[PDB]
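Next comes protein22.txt, with compact mmCIF, C-alpha atoms and all ligand atoms.
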# COMPACT_ATOMS: atom_id res chain seq x y z
CA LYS S 7 0.20 -87.24 3.45
CA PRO S 8 3.05 -87.53 6.02
CA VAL S 9 2.14 -87.14 9.72
CA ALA S 10 3.36 -84.04 11.54
CA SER S 11 2.67 -82.07 8.39
CA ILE S 12 0.47 -78.99 8.07
CA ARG S 13 -2.70 -79.18 6.01
CA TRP S 14 -2.63 -76.41 3.41
CA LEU S 15 -5.51 -77.41 1.17
CA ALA S 16 -9.17 -77.18 2.13
CA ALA S 17 -10.21 -79.99 -0.29
CA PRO S 18 -8.56 -82.82 -2.21
CA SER S 19 -8.49 -83.04 -5.99
CA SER S 20 -11.39 -84.82 -7.71
CA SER S 21 -11.28 -88.21 -9.36
CA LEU S 22 -12.13 -86.48 -12.60
CA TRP S 23 -9.01 -84.21 -12.56
CA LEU S 24 -6.84 -87.32 -12.32
CA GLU S 25 -8.76 -88.97 -15.09
CA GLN S 26 -8.37 -85.86 -17.28
CA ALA S 27 -4.66 -85.59 -16.54
CA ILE S 28 -4.13 -89.27 -17.55
CA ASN S 29 -6.23 -88.65 -20.69
CA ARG S 30 -3.97 -85.76 -21.84
CA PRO S 31 -0.54 -86.34 -20.28
CA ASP S 32 1.27 -84.14 -22.79
CA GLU S 33 -0.60 -80.97 -21.85
CA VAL S 34 -0.16 -81.66 -18.15
CA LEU S 35 3.58 -82.27 -18.55
CA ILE S 36 4.16 -79.10 -20.68
CA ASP S 37 2.26 -77.12 -18.07
CA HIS S 38 4.22 -78.76 -15.27
CA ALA S 39 7.46 -77.58 -16.80
CA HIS S 40 6.17 -74.00 -16.91
CA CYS S 41 4.94 -74.37 -13.33
CA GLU S 42 8.41 -75.39 -12.06
CA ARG S 43 9.93 -72.39 -13.74
CA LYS S 44 7.13 -70.11 -12.39
CA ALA S 45 7.83 -71.54 -8.91
CA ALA S 46 11.53 -70.50 -9.21
CA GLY S 47 10.46 -67.05 -10.51
CA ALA S 48 8.18 -66.58 -7.47
CA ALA S 49 11.05 -67.46 -5.06
CA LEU S 50 13.27 -64.96 -6.82
CA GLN S 51 10.62 -62.26 -6.99
CA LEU S 52 10.06 -62.57 -3.25
CA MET S 53 13.81 -62.10 -2.67
CA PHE S 54 13.72 -58.93 -4.88
CA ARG S 55 10.79 -57.69 -2.75
CA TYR S 56 12.62 -58.27 0.55
CA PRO S 57 16.25 -57.97 -0.65
CA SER S 58 17.93 -57.36 2.74
CA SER S 59 16.38 -60.45 4.40
CA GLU S 60 19.20 -62.97 4.91
CA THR S 61 16.85 -65.57 6.33
CA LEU S 62 14.62 -65.31 3.24
CA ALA S 63 17.64 -65.45 0.86
CA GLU S 64 19.09 -68.57 2.62
CA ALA S 65 15.74 -70.32 2.08
CA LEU S 66 14.63 -69.06 -1.34
CA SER S 67 17.92 -69.15 -3.28
CA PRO S 68 18.25 -72.96 -2.84
CA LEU S 69 14.55 -73.35 -3.54
CA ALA S 70 14.82 -71.43 -6.81
CA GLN S 71 17.84 -73.52 -7.76
CA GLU S 72 15.92 -76.71 -7.06
CA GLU S 73 12.85 -75.57 -8.96
CA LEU S 74 15.05 -74.92 -12.04
CA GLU S 75 16.66 -78.35 -11.67
CA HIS S 76 13.07 -79.77 -11.70
CA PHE S 77 12.25 -77.67 -14.75
CA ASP S 78 15.35 -79.03 -16.49
CA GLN S 79 14.27 -82.61 -15.59
CA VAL S 80 10.73 -82.10 -16.96
CA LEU S 81 12.12 -80.49 -20.14
CA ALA S 82 14.51 -83.51 -20.53
CA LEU S 83 11.41 -85.75 -20.45
CA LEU S 84 9.52 -83.66 -22.96
CA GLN S 85 12.59 -83.68 -25.20
CA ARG S 86 13.14 -87.52 -24.77
CA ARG S 87 9.53 -87.90 -25.96
CA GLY S 88 9.69 -85.45 -28.82
CA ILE S 89 7.09 -83.03 -27.16
CA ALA S 90 7.68 -79.28 -27.82
CA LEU S 91 7.74 -76.89 -24.86
CA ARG S 92 4.62 -75.23 -26.17
CA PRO S 93 3.30 -71.80 -24.92
CA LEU S 94 0.27 -73.66 -23.51
CA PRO S 95 -2.08 -71.16 -21.76
CA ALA S 96 -2.03 -71.19 -17.92
CA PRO S 97 -5.41 -71.78 -16.14
CA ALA S 98 -6.90 -68.78 -14.26
CA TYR S 99 -5.86 -70.33 -10.89
CA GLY S 100 -2.56 -68.44 -10.26
CA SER S 101 -3.94 -64.99 -11.34
CA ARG S 102 -7.05 -65.54 -9.22
CA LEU S 103 -5.00 -66.34 -6.07
CA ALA S 104 -2.45 -63.56 -6.68
CA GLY S 105 -5.45 -61.10 -6.92
CA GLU S 106 -6.08 -61.84 -3.23
CA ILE S 107 -2.65 -60.60 -2.15
CA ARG S 108 -3.01 -57.28 -0.33
CA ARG S 109 -1.19 -54.29 -1.78
CA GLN S 110 0.48 -52.92 1.32
CA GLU S 111 3.29 -54.19 3.39
CA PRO S 112 3.66 -56.03 5.67
CA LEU S 113 0.46 -58.00 4.99
CA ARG S 114 1.42 -58.28 1.38
CA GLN S 115 4.41 -60.45 2.47
CA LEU S 116 2.22 -62.75 4.63
CA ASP S 117 -0.26 -63.15 1.77
CA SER S 118 2.49 -63.79 -0.81
CA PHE S 119 4.10 -66.57 1.30
CA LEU S 120 0.66 -68.10 1.84
CA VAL S 121 -0.29 -68.02 -1.85
CA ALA S 122 3.14 -69.49 -2.82
CA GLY S 123 2.61 -72.24 -0.23
CA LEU S 124 -0.91 -73.01 -1.46
CA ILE S 125 0.26 -73.34 -5.06
CA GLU S 126 3.16 -75.64 -4.10
CA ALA S 127 0.84 -77.75 -1.77
CA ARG S 128 -1.62 -78.24 -4.70
CA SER S 129 1.18 -79.09 -7.13
CA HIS S 130 2.50 -81.54 -4.53
CA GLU S 131 -0.93 -83.22 -3.96
CA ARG S 132 -1.51 -83.61 -7.75
CA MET S 133 2.04 -84.75 -8.50
CA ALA S 134 1.63 -87.41 -5.75
CA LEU S 135 -1.58 -88.62 -7.39
CA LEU S 136 0.20 -88.95 -10.72
CA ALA S 137 3.19 -90.65 -9.09
CA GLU S 138 0.83 -93.36 -7.59
CA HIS S 139 -1.83 -93.63 -10.31
CA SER S 140 -0.39 -92.85 -13.77
CA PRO S 141 -0.29 -95.88 -16.17
CA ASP S 142 2.91 -94.42 -17.65
CA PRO S 143 6.01 -95.72 -15.76
CA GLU S 144 8.27 -92.88 -16.90
CA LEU S 145 5.77 -90.31 -15.56
CA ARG S 146 5.48 -92.24 -12.28
CA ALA S 147 9.29 -92.16 -12.05
CA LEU S 148 9.60 -88.42 -12.87
CA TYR S 149 6.79 -87.45 -10.42
CA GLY S 150 8.19 -89.80 -7.72
CA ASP S 151 11.73 -88.47 -8.11
CA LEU S 152 10.56 -84.78 -8.03
CA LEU S 153 8.59 -85.43 -4.79
CA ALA S 154 11.47 -87.44 -3.26
CA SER S 155 13.75 -84.34 -3.13
CA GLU S 156 11.55 -83.01 -0.26
CA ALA S 157 10.77 -84.13 3.33
CA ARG S 158 8.32 -81.16 3.74
CA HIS S 159 6.32 -81.31 7.01
CA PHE S 160 5.26 -77.71 7.54
CA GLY S 161 6.29 -76.32 4.13
CA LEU S 162 9.09 -73.85 3.62
CA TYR S 163 6.53 -71.09 3.17
CA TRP S 164 4.90 -71.89 6.49
CA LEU S 165 8.23 -71.60 8.31
CA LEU S 166 8.86 -68.25 6.56
CA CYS S 167 5.52 -67.07 7.85
CA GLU S 168 6.43 -68.13 11.41
CA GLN S 169 9.60 -66.06 11.23
CA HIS S 170 7.67 -62.80 11.05
CA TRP S 171 4.07 -63.61 12.26
CA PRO S 172 2.23 -65.36 15.14
CA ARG S 173 0.07 -68.36 14.28
CA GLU S 174 -2.88 -66.39 15.62
CA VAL S 175 -2.44 -64.31 12.48
CA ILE S 176 -1.21 -66.91 9.98
CA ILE S 177 -3.94 -69.45 10.68
CA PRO S 178 -7.04 -67.32 9.88
CA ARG S 179 -5.44 -65.84 6.78
CA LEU S 180 -4.50 -69.27 5.40
CA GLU S 181 -8.11 -70.38 6.00
CA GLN S 182 -9.37 -67.45 3.95
CA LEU S 183 -6.86 -68.01 1.15
CA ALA S 184 -7.37 -71.80 1.15
CA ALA S 185 -11.08 -71.08 0.61
CA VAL S 186 -10.33 -68.98 -2.49
CA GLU S 187 -7.93 -71.70 -3.81
CA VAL S 188 -10.70 -74.31 -3.72
CA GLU S 189 -13.19 -71.88 -5.31
CA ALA S 190 -10.56 -71.29 -8.05
CA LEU S 191 -10.58 -75.08 -8.70
CA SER S 192 -14.39 -75.33 -8.79
CA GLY S 193 -15.96 -75.71 -12.16
CA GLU S 194 -15.83 -78.15 -15.01
CA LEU S 195 -13.23 -78.47 -17.69
CA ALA S 196 -14.58 -77.24 -21.00
CA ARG S 197 -12.34 -79.32 -23.30
CA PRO S 198 -9.86 -82.18 -22.59
CA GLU S 199 -6.85 -80.25 -23.89
CA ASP S 200 -7.48 -77.58 -21.19
CA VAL S 201 -6.21 -79.97 -18.46
CA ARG S 202 -3.34 -78.53 -16.41
CA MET S 203 -1.52 -79.03 -13.08
CA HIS S 204 -3.93 -76.41 -11.68
CA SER S 205 -7.08 -76.96 -13.80
CA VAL S 206 -10.45 -77.44 -12.09
CA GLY S 207 -11.32 -80.48 -10.09
CA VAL S 208 -11.78 -80.65 -6.35
CA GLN S 209 -14.17 -82.63 -4.03
CA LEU S 210 -16.49 -80.28 -2.09
FE FE K 1 9.69 -78.42 -8.17

What do you get writing this file as structure tokens?
Amino acid sequence: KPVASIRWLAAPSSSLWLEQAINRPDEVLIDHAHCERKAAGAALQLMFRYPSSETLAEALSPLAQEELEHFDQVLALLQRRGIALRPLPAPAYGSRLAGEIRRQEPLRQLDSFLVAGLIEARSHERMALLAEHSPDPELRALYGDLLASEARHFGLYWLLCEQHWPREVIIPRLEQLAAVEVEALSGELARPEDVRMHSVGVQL
């Protein structure tokens, strides 16, 4: 948690998430790879939604390129370990958040940037736990290297919000969406193999 950063998340991950992720590292890693790729797809999709925004393109093209470089790095690790890039099912988290995004412009854009930001903040928080806590050195080095290529204070998605919206508006909407994000992570994991980067486990 760097100072002069914005707090995105309304609650930290639970001890038990971390324990579960260490217990089934393969599932978490496969899922992580899909998440990186999904994160690039979101950046691109937002450009396709706002195709004449040069400020958005200047920010989200490099981000997409970086998310694919992270995907390639996770896939290299899976491949170095002999783990198949399996079609492992995604948790309900992303679909649940995206269902909060309003249908009309321009509030749809605000909501989309905030959801994208929430997802990345949660990935970040959990990747940082794994980087510090995992007993597997190669995972600590992957997760450390992926978080290194950063220096995020506000979050790219926050700055995009500020381009088009006052804080007076951003702030109360992020509070609402941050509340749904923690409700999406509430619950208990039904089987160990269901652990994911965005499976349940927060402290309330
Ligand atoms: Fe990434």

Within 10 Å of residue S:50 using only C-alpha atoms, minus same-chain residues under 4 positions, as number ranges by chain:
S: 44-46, 54-57, 63, 66-67, 69-71

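With atom CA of residue S:116 on one side and atom CA of residue S:176 on the other, the separation reads 7.6 Å.
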
Could you make a table, as JSON lines, of the residues of chain S that have an atom within 9 Å of an atom of ligand FE 1 (chain K), each with its nearest atom pair and distance in Å to one decimal, counting all atoms listed in the file, in chain and number order?
{"residue": "S:38", "atom": "CA", "partner": "K:FE1", "partner_atom": "FE", "distance": 9.0}
{"residue": "S:39", "atom": "CA", "partner": "K:FE1", "partner_atom": "FE", "distance": 9.0}
{"residue": "S:41", "atom": "CA", "partner": "K:FE1", "partner_atom": "FE", "distance": 8.1}
{"residue": "S:42", "atom": "CA", "partner": "K:FE1", "partner_atom": "FE", "distance": 5.1}
{"residue": "S:43", "atom": "CA", "partner": "K:FE1", "partner_atom": "FE", "distance": 8.2}
{"residue": "S:45", "atom": "CA", "partner": "K:FE1", "partner_atom": "FE", "distance": 7.2}
{"residue": "S:46", "atom": "CA", "partner": "K:FE1", "partner_atom": "FE", "distance": 8.2}
{"residue": "S:69", "atom": "CA", "partner": "K:FE1", "partner_atom": "FE", "distance": 8.4}
{"residue": "S:70", "atom": "CA", "partner": "K:FE1", "partner_atom": "FE", "distance": 8.8}
{"residue": "S:72", "atom": "CA", "partner": "K:FE1", "partner_atom": "FE", "distance": 6.6}
{"residue": "S:73", "atom": "CA", "partner": "K:FE1", "partner_atom": "FE", "distance": 4.3}
{"residue": "S:74", "atom": "CA", "partner": "K:FE1", "partner_atom": "FE", "distance": 7.5}
{"residue": "S:75", "atom": "CA", "partner": "K:FE1", "partner_atom": "FE", "distance": 7.8}
{"residue": "S:76", "atom": "CA", "partner": "K:FE1", "partner_atom": "FE", "distance": 5.1}
{"residue": "S:77", "atom": "CA", "partner": "K:FE1", "partner_atom": "FE", "distance": 7.1}
{"residue": "S:126", "atom": "CA", "partner": "K:FE1", "partner_atom": "FE", "distance": 8.2}
{"residue": "S:129", "atom": "CA", "partner": "K:FE1", "partner_atom": "FE", "distance": 8.6}
{"residue": "S:130", "atom": "CA", "partner": "K:FE1", "partner_atom": "FE", "distance": 8.6}
{"residue": "S:152", "atom": "CA", "partner": "K:FE1", "partner_atom": "FE", "distance": 6.4}
{"residue": "S:153", "atom": "CA", "partner": "K:FE1", "partner_atom": "FE", "distance": 7.9}
{"residue": "S:155", "atom": "CA", "partner": "K:FE1", "partner_atom": "FE", "distance": 8.8}

Find the spatial neighbours of residue S:210, counting only C-alpha atoms, within a cut-off of 10 Å - ignore same-chain residues fewer than 4 positions away - and output them as a PDB file with C-alpha atoms, in the frame of the given file.
ATOM      1  CA  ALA S  16      -9.170 -77.180   2.130  1.00  0.00           C
ATOM      2  CA  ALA S  17     -10.210 -79.990  -0.290  1.00  0.00           C
ATOM      3  CA  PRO S  18      -8.560 -82.820  -2.210  1.00  0.00           C
ATOM      4  CA  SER S  19      -8.490 -83.040  -5.990  1.00  0.00           C
ATOM      5  CA  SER S  20     -11.390 -84.820  -7.710  1.00  0.00           C
ATOM      6  CA  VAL S 188     -10.700 -74.310  -3.720  1.00  0.00           C
ATOM      7  CA  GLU S 189     -13.190 -71.880  -5.310  1.00  0.00           C
ATOM      8  CA  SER S 192     -14.390 -75.330  -8.790  1.00  0.00           C
TER       9      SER S 192
END

Students should find that atom CA of residue S:107 and atom CA of residue S:13 are spaced 20.3 Å

Work out how far apart atom CA of residue S:134 and atom CA of residue S:25 are and give it in Å to one decimal.
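We find that atom CA of residue S:134 and atom CA of residue S:25 lie 14.1 Å from each other.
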
Considering all atoms listed in the file, can you say which of S:135, S:141, S:120, S:10 comes closest to residue S:181?
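Of the candidates, the smallest distance to residue S:181 is held by S:120.
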
Give the centre and edge lengths of an axis-aligned box, in Å to one decimal, that holds all listed atoms of stretch 54-58 of chain S with 6 Å on each side, as JSON.
{"center_x": 14.4, "center_y": -58.1, "center_z": -1.1, "size_x": 19.1, "size_y": 13.6, "size_z": 19.6}

Closest contacts (stretch 93-116 of chain S/stretch 204-209 of chain S, max 10 Å, only C-alpha atoms) as a Markdown table:
| residue | atom | partner | partner_atom | distance |
| --- | --- | --- | --- | --- |
| S:96 | CA | S:204 | CA | 8.4 |
| S:97 | CA | S:205 | CA | 5.9 |
| S:98 | CA | S:205 | CA | 8.2 |
| S:99 | CA | S:204 | CA | 6.4 |
| S:100 | CA | S:204 | CA | 8.2 |

Using all atoms listed in the file, which protein or nucleic acid residues come within 12 Å of residue S:199? Drop anything in the same chain fewer than 5 positions from it, and give the result as an MDAnalysis selection string.
chainID S and resid 26:37 94:97 205

If you count all atoms listed in the file, the residue of S:23, S:161, S:119, S:85 closest to residue S:53 turns out to be S:119

Excluding residue S:170 and its own-chain neighbours fewer than 5 positions away, which residues fall within 12 Å of it when counting all atoms listed in the file? Please give them as a PDB file with C-alpha atoms, in the frame of the given file.
ATOM      1  CA  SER S  59      16.380 -60.450   4.400  1.00  0.00           C
ATOM      2  CA  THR S  61      16.850 -65.570   6.330  1.00  0.00           C
ATOM      3  CA  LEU S  62      14.620 -65.310   3.240  1.00  0.00           C
ATOM      4  CA  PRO S 112       3.660 -56.030   5.670  1.00  0.00           C
ATOM      5  CA  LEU S 113       0.460 -58.000   4.990  1.00  0.00           C
ATOM      6  CA  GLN S 115       4.410 -60.450   2.470  1.00  0.00           C
ATOM      7  CA  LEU S 116       2.220 -62.750   4.630  1.00  0.00           C
ATOM      8  CA  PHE S 119       4.100 -66.570   1.300  1.00  0.00           C
ATOM      9  CA  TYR S 163       6.530 -71.090   3.170  1.00  0.00           C
ATOM     10  CA  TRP S 164       4.900 -71.890   6.490  1.00  0.00           C
ATOM     11  CA  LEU S 165       8.230 -71.600   8.310  1.00  0.00           C
ATOM     12  CA  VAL S 175      -2.440 -64.310  12.480  1.00  0.00           C
ATOM     13  CA  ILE S 176      -1.210 -66.910   9.980  1.00  0.00           C
TER      14      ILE S 176
END

From the set S:65, S:104, S:90, S:48, which residue has the shortest atom-to-atom contact distance to residue S:183, counting only C-alpha atoms?
S:104

Using all atoms listed in the file, which of S:193, S:60, S:144, S:14 sits nearest residue S:169?
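Comparing S:193, S:60, S:144, S:14 against residue S:169, the winner is S:60.
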
Just checking: using only C-alpha atoms, which residue out of S:162, S:133, S:122, S:148 ends up closest to residue S:180?
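Closest to residue S:180, using only C-alpha atoms: S:122.
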
Compare S:202, S:139, S:128, S:114 by their minimum atom-to-atom distance to residue S:184, counting all atoms listed in the file, and give me the closest one.
S:128
